[PDB]
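Novice: Top to bottom, those sequences are chains A and B. So for the first sequence, PDB author numbering puts the first residue at 1; every next one is plus one. So for the second sequence, PDB author numbering puts the first residue at 1; every next one is plus one.
Protein chains: 2
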Amino acid sequence: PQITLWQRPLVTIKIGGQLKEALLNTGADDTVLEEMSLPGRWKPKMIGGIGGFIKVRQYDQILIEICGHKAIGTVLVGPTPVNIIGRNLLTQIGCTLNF
Amino acid sequence: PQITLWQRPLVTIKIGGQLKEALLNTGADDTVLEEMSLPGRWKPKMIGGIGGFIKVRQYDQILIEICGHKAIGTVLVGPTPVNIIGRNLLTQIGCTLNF
Ligand SMILES: COc1ccc(C[C@H](NC(=O)O[C@H]2CCO[C@H]3OC[C@H](O)[C@H]32)[C@H](O)CN(CC(C)C)S(=O)(=O)c2ccc(OC)cc2)cc1
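(1) Apply the 10 Å Cβ neighbour rule to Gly40/A and answer buried if 16 or more other Cβ atoms are within range, or exposed otherwise.
(2) In terms of DSSP beta bridges, what is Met46/A paired with?
(3) Measuring alpha carbon to alpha carbon, tell me which residue in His69/A, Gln2/A, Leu5/A and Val11/A is nearest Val82/A.
(4) Please tell me whether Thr4/A has its Cβ less than 7 Å away from any Cβ of chain B.
(5) Using a Cβ-Cβ distance cut-off of 7 Å, determine whether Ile72/A contacts chain B.
(6) Around the Cβ of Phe99/A, are there at least 16 other Cβ atoms within 10 angstroms (buried) or fewer (exposed)?
(7) Consult DSSP for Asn25/B and reduce its assignment to one of helix, strand or coil.
(8) Would you call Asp60/B buried or exposed, if buried means 16 or more other Cβ atoms sit within 10 Å of its Cβ?
(9) Give the range of the alpha helix (DSSP H) segment to which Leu89/A is assigned.
(10) For chain B, check one thing: does any of its Cβ atoms lie closer than 7 Å to the Cβ of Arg87/A?
(11) Label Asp29/A either buried or exposed according to how many other C-beta atoms from any shown protein chain fall within 10 Å of its C-beta, with 16 as the threshold for buried.
(12) Note the first and the last residue of the continuous beta strand (DSSP E) segment covering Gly73/A.
(13) If the cut is a Cβ gap below 7 Å, which residues of chain B does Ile54/A touch?
(14) Taking just the CA atoms, how far does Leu63/A sit from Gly73/A?
(15) By alpha-carbon positions, which one of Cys67/A, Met36/A, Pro1/A and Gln2/A ends up nearest to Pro79/A?
(16) Hey, out of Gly48/A, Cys67/A and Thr91/A, whose CA is closest to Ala22/A's CA?
(17) Just by C-beta distance, which residues in the region 10 to 33 of chain A are closer than 9 Å to chain B?
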């Protein structure tokens, strides 16, 4: 689909058997989701944004469905204010910027 | 142009007579630029991101050139880790997901 930006570019995702909404985020290298229950092992990680840093758990090779497009990659879970789909997953669904 | 996301989507901007690089940021409602010299009156504002909140100066009706596309709007200036072009200006230059 083509998505314009007059509104937040929110899409439906399915991950860990659960449905959520997430923001397509070109300003995000990685994907960061609010606290959720994800299955297997993880690693502690720290990531910085505009106002400082948060602790997140890193899950590798997680399957995620983003607006009907399946991708597998790293997902970070932690006290992010919004679910963010970063470029790591955006490239998998073939997402581009255009103007 | 069309821009893929295997790399940060950085573009050249000109603002306040100065040249800078900035990230095209669909995850950002507003535009936030690192500390720089801008002329005129401004207003205090607080903005939140992943790790907390920062104080910025809000400048309205600012002319900015983004990869050769002129836009006029609000620019926030403060201790952001990177220059980010938000949806407020992305809509003006017609930025989407076209191909
Ligand atoms: C470290 O330097 C920064 C710093 C910041 C970024 C923009 C942000 N992305 C972000 O926080 O990325 C994090 C998590 C993903 O992996 C990484 O990608 C780069 C960064 O290192 C990591 C994000 O897209 C835009 N944010 C809005 C989000 C809902 C929080 S916002 O910057 O806080 C913001 C802008 C405007 C506004 O108006 C009122 C309010 C807030 C990118 C680089």
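For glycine and all other residues, C-beta sits at the position ideal for the given N, C-alpha and C.
Specialist: So, to answer that:
(1) The residue in question, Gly40/A, is exposed, as its Cβ has fewer than 16 Cβ neighbours within 10 Å.
(2) Beta-bridge annotation (DSSP): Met46/A is paired with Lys55/A.
(3) It is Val11/A whose Cα lies nearest to the Cα of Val82/A.
(4) Closer than 7 Å to some Cβ of chain B, the Cβ of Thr4/A qualifies, so yes.
(5) Not an interface residue.
(6) Buried, by the Cβ-count rule.
(7) Three-state DSSP puts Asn25/B in coil, outside helix and strand.
(8) With fewer than 16 Cβ atoms within 10 Å of its Cβ, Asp60/B is classed as exposed.
(9) Its alpha helix (DSSP H) spans residues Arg87 to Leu90.
(10) By this cut-off, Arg87/A is an interface position.
(11) Taking every protein chain shown into account, the CB of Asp29/A has fewer than 16 other CB atoms within 10 angstroms, so this residue is exposed.
(12) Residues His69 to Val77.
(13) The answer, in chain order, is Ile50 and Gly51.
(14) Each residue's Cα considered, the two are about 7 Å apart.
(15) Nearest in C-alpha terms to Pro79/A, of all of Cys67/A, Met36/A, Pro1/A and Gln2/A, is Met36/A.
(16) Ranked by how close their Cα comes to the Cα of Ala22/A, the residues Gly48/A, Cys67/A and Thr91/A have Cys67/A in first place.
(17) If the cut-off is 9 Å between Cβ atoms, the region 10 to 33 of chain A has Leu23, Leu24, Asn25, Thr26, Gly27, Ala28, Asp29 and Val32 near chain B.
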